[PDB]
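Q: Below is the file protein_25.cif, with mmCIF, C-alpha atoms.
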```cif
data_work
loop_
_atom_site.group_PDB
_atom_site.id
_atom_site.type_symbol
_atom_site.label_atom_id
_atom_site.label_comp_id
_atom_site.auth_asym_id
_atom_site.auth_seq_id
_atom_site.Cartn_x
_atom_site.Cartn_y
_atom_site.Cartn_z
ATOM 1 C CA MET A 1 -24.622 28.915 101.813
ATOM 2 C CA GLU A 2 -25.328 31.697 99.340
ATOM 3 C CA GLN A 3 -28.706 33.285 98.660
ATOM 4 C CA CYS A 4 -30.243 33.866 95.251
ATOM 5 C CA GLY A 5 -33.263 34.618 93.105
ATOM 6 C CA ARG A 6 -36.244 36.638 94.382
ATOM 7 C CA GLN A 7 -34.790 36.588 97.869
ATOM 8 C CA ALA A 8 -31.519 38.194 96.750
ATOM 9 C CA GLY A 9 -32.313 40.768 94.066
ATOM 10 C CA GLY A 10 -32.216 38.212 91.259
ATOM 11 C CA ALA A 11 -28.665 37.016 91.919
ATOM 12 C CA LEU A 12 -27.413 33.778 90.368
ATOM 13 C CA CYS A 13 -25.713 31.171 92.526
ATOM 14 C CA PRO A 14 -21.939 30.862 92.253
ATOM 15 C CA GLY A 15 -20.391 27.621 91.005
ATOM 16 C CA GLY A 16 -23.316 26.292 88.980
ATOM 17 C CA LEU A 17 -25.540 25.757 92.003
ATOM 18 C CA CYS A 18 -29.334 25.575 91.710
ATOM 19 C CA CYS A 19 -31.381 28.351 93.265
ATOM 20 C CA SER A 20 -34.322 26.906 95.185
ATOM 21 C CA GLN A 21 -37.777 28.461 95.437
ATOM 22 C CA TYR A 22 -36.684 29.780 98.851
ATOM 23 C CA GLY A 23 -33.601 31.509 97.469
ATOM 24 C CA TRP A 24 -30.816 29.227 98.689
ATOM 25 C CA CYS A 25 -28.013 27.696 96.604
ATOM 26 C CA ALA A 26 -27.333 23.946 96.497
ATOM 27 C CA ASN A 27 -27.186 20.922 94.197
ATOM 28 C CA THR A 28 -29.805 18.439 95.508
ATOM 29 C CA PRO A 29 -33.245 17.677 94.002
ATOM 30 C CA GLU A 30 -34.873 19.815 96.683
ATOM 31 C CA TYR A 31 -33.100 22.819 95.129
ATOM 32 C CA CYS A 32 -32.977 21.923 91.436
ATOM 33 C CA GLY A 33 -36.521 20.541 91.129
ATOM 34 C CA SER A 34 -39.910 22.240 91.058
ATOM 35 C CA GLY A 35 -39.689 25.899 91.991
ATOM 36 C CA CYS A 36 -35.993 26.147 91.105
ATOM 37 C CA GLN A 37 -35.382 29.749 90.075
ATOM 38 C CA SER A 38 -32.123 29.454 88.146
ATOM 39 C CA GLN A 39 -29.249 27.197 87.068
ATOM 40 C CA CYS A 40 -31.506 24.207 87.546
ATOM 41 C CA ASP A 41 -29.319 22.110 85.239
ATOM 42 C CA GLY A 42 -26.155 22.719 87.255
ATOM 43 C CA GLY A 43 -24.790 25.387 84.946
ATOM 44 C CA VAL A 44 -24.228 22.985 82.047
#
```
Just give me the structure of the file as structure tokens.

A:
Amino acid sequence: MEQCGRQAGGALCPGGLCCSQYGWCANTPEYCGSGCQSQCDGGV
């Protein structure tokens, strides 16, 4: 799992993954919902 956002110098997730409020990359509501830092729409 890649890191992102505040927790990784502002980095975007690879492969259209959502960056959670904790700075981890995945595509579940826990990552793409409230607090999502980037690519919250899956990179559409």

Q: With only C-alpha atoms as the atoms that count, which of A:34, A:39, A:20, A:28 lies nearest to residue A:6?

A: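 Nearest candidate to residue A:6 out of A:34, A:39, A:20, A:28: A:20.
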
Q: Take the point (-31.4, 34.0, 99.9) in the file's coordinates, draw a sphere of radius 8 Å around it, and report as a list in words every protein, DNA or RNA residue with an atom inside or on it, counting only C-alpha atoms.

A: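 Here is the list of nearby residues: residues 2, 3, 4, 5, 6, 7, 8, 22, 23, 24 and 25 of chain A.
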
Q: One decimal, in Å: what's the spacing between atom CA of residue A:9 and atom CA of residue A:38?

A: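 So the two atoms, atom CA of residue A:9 and atom CA of residue A:38, lie 12.8 Å apart.
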
Q: Please, what distance in Å, to one decimal, runs between atom CA of residue A:37 and atom CA of residue A:13?

A: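 Pair atom CA of residue A:37 / atom CA of residue A:13 returns 10.1 Å.
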
Q: Please, which residues are within 10 Å of (-31.9, 23.4, 97.1) by the file's coordinates, counting all atoms listed in the file, and could they come as JSON, numbers by chain?

A: {"A": [17, 18, 19, 20, 21, 22, 23, 24, 25, 26, 27, 28, 29, 30, 31, 32, 33, 35, 36, 40]}

Q: N, CA and C atoms are what I want for stretch 12-36 of chain A; can you complete it accordingly and write them as a PDB file, in the coordinates of the input?

A:
```
ATOM      1  N   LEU A  12     -27.676  35.180  90.675  1.00  0.00           N
ATOM      2  CA  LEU A  12     -27.413  33.778  90.368  1.00  0.00           C
ATOM      3  C   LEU A  12     -26.526  33.172  91.440  1.00  0.00           C
ATOM      4  N   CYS A  13     -26.614  31.861  91.612  1.00  0.00           N
ATOM      5  CA  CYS A  13     -25.713  31.171  92.526  1.00  0.00           C
ATOM      6  C   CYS A  13     -24.335  31.054  91.910  1.00  0.00           C
ATOM      7  N   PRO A  14     -23.290  31.156  92.738  1.00  0.00           N
ATOM      8  CA  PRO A  14     -21.939  30.862  92.253  1.00  0.00           C
ATOM      9  C   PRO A  14     -21.777  29.369  91.990  1.00  0.00           C
ATOM     10  N   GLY A  15     -20.794  29.006  91.174  1.00  0.00           N
ATOM     11  CA  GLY A  15     -20.391  27.621  91.005  1.00  0.00           C
ATOM     12  C   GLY A  15     -21.449  26.663  90.501  1.00  0.00           C
ATOM     13  N   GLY A  16     -22.323  27.137  89.618  1.00  0.00           N
ATOM     14  CA  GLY A  16     -23.316  26.292  88.980  1.00  0.00           C
ATOM     15  C   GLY A  16     -24.265  25.619  89.953  1.00  0.00           C
ATOM     16  N   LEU A  17     -24.587  26.305  91.043  1.00  0.00           N
ATOM     17  CA  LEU A  17     -25.540  25.757  92.003  1.00  0.00           C
ATOM     18  C   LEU A  17     -26.959  26.158  91.630  1.00  0.00           C
ATOM     19  N   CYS A  18     -27.916  25.286  91.936  1.00  0.00           N
ATOM     20  CA  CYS A  18     -29.334  25.575  91.710  1.00  0.00           C
ATOM     21  C   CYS A  18     -29.848  26.538  92.751  1.00  0.00           C
ATOM     22  N   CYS A  19     -30.723  27.445  92.333  1.00  0.00           N
ATOM     23  CA  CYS A  19     -31.381  28.351  93.265  1.00  0.00           C
ATOM     24  C   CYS A  19     -32.789  27.844  93.566  1.00  0.00           C
ATOM     25  N   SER A  20     -33.020  27.429  94.802  1.00  0.00           N
ATOM     26  CA  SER A  20     -34.322  26.906  95.185  1.00  0.00           C
ATOM     27  C   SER A  20     -35.413  27.971  95.188  1.00  0.00           C
ATOM     28  N   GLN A  21     -36.660  27.528  95.323  1.00  0.00           N
ATOM     29  CA  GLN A  21     -37.777  28.461  95.437  1.00  0.00           C
ATOM     30  C   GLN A  21     -37.681  29.360  96.666  1.00  0.00           C
ATOM     31  N   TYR A  22     -36.851  28.984  97.636  1.00  0.00           N
ATOM     32  CA  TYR A  22     -36.684  29.780  98.851  1.00  0.00           C
ATOM     33  C   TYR A  22     -35.474  30.710  98.774  1.00  0.00           C
ATOM     34  N   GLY A  23     -34.713  30.605  97.689  1.00  0.00           N
ATOM     35  CA  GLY A  23     -33.601  31.509  97.469  1.00  0.00           C
ATOM     36  C   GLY A  23     -32.297  31.086  98.117  1.00  0.00           C
ATOM     37  N   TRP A  24     -32.085  29.775  98.208  1.00  0.00           N
ATOM     38  CA  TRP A  24     -30.816  29.227  98.689  1.00  0.00           C
ATOM     39  C   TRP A  24     -30.131  28.405  97.600  1.00  0.00           C
ATOM     40  N   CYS A  25     -28.803  28.340  97.659  1.00  0.00           N
ATOM     41  CA  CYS A  25     -28.013  27.696  96.604  1.00  0.00           C
ATOM     42  C   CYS A  25     -27.495  26.320  97.006  1.00  0.00           C
ATOM     43  N   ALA A  26     -27.874  25.284  96.264  1.00  0.00           N
ATOM     44  CA  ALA A  26     -27.333  23.946  96.497  1.00  0.00           C
ATOM     45  C   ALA A  26     -27.630  23.056  95.303  1.00  0.00           C
ATOM     46  N   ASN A  27     -27.093  21.841  95.315  1.00  0.00           N
ATOM     47  CA  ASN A  27     -27.186  20.922  94.197  1.00  0.00           C
ATOM     48  C   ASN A  27     -27.858  19.596  94.558  1.00  0.00           C
ATOM     49  N   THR A  28     -29.023  19.643  95.198  1.00  0.00           N
ATOM     50  CA  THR A  28     -29.805  18.439  95.508  1.00  0.00           C
ATOM     51  C   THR A  28     -31.174  18.607  94.843  1.00  0.00           C
ATOM     52  N   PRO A  29     -31.977  17.529  94.736  1.00  0.00           N
ATOM     53  CA  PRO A  29     -33.245  17.677  94.002  1.00  0.00           C
ATOM     54  C   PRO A  29     -34.196  18.689  94.632  1.00  0.00           C
ATOM     55  N   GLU A  30     -34.069  18.857  95.942  1.00  0.00           N
ATOM     56  CA  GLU A  30     -34.873  19.815  96.683  1.00  0.00           C
ATOM     57  C   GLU A  30     -34.611  21.248  96.218  1.00  0.00           C
ATOM     58  N   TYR A  31     -33.454  21.481  95.603  1.00  0.00           N
ATOM     59  CA  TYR A  31     -33.100  22.819  95.129  1.00  0.00           C
ATOM     60  C   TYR A  31     -33.246  22.961  93.619  1.00  0.00           C
ATOM     61  N   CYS A  32     -32.991  21.877  92.898  1.00  0.00           N
ATOM     62  CA  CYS A  32     -32.977  21.923  91.436  1.00  0.00           C
ATOM     63  C   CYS A  32     -34.306  21.526  90.797  1.00  0.00           C
ATOM     64  N   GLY A  33     -35.224  20.996  91.604  1.00  0.00           N
ATOM     65  CA  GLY A  33     -36.521  20.541  91.129  1.00  0.00           C
ATOM     66  C   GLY A  33     -37.561  21.633  90.991  1.00  0.00           C
ATOM     67  N   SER A  34     -38.822  21.288  91.242  1.00  0.00           N
ATOM     68  CA  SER A  34     -39.910  22.240  91.058  1.00  0.00           C
ATOM     69  C   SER A  34     -39.662  23.477  91.906  1.00  0.00           C
ATOM     70  N   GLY A  35     -39.889  24.639  91.307  1.00  0.00           N
ATOM     71  CA  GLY A  35     -39.689  25.899  91.991  1.00  0.00           C
ATOM     72  C   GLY A  35     -38.278  26.442  91.870  1.00  0.00           C
ATOM     73  N   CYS A  36     -37.357  25.655  91.314  1.00  0.00           N
ATOM     74  CA  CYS A  36     -35.993  26.147  91.105  1.00  0.00           C
ATOM     75  C   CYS A  36     -36.018  27.408  90.260  1.00  0.00           C
TER      76      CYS A  36
END
```
